[PDB]
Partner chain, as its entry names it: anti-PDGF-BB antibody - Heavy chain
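The chain below stands alone, shown as structure tokens; this is the form deposited without its partner chain.
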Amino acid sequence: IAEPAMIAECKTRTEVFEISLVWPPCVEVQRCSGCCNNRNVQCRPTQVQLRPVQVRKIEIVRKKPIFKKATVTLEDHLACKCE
């Protein structure tokens, strides 16, 4: 029936990041997720990256439907390591 547990080996995993209405709200971005043996050892990033994304910047202000377009830079995580 029950199988043994397997460590969440530490690598790049997909995460859903909501932006701070927009469209697209949230967006998919990489991030180190995972565990290290010696509990004191910690799993963190060894190379990050920047990818700016264009965003529809809707502007529903004073009875003025006047949307815009912003740019929001994302932080990806290209390759992690426990340390």
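In this text, rigid core is short for the largest set of C-alphas that superpose within 1.5 Å between two forms. Numbering follows the first chain given and starts at 1. Shifts are known only where both forms have a C-alpha.
The next section is about a form of this same protein that is not shown, the form deposited with its partner chain bound.
- Within 4.5 Å of any heavy atom of its partner chain in the deposited complex lies no heavy atom of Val48.
- In the deposited complex, at least one heavy atom of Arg56 sits within 4.5 Å of a heavy atom of its partner chain.
- After superposition on the rigid core, a single segment of 3 or more consecutive residues displaced by 2 Å or more at every C-alpha between this form and the one not shown is found, at 59 to 63.
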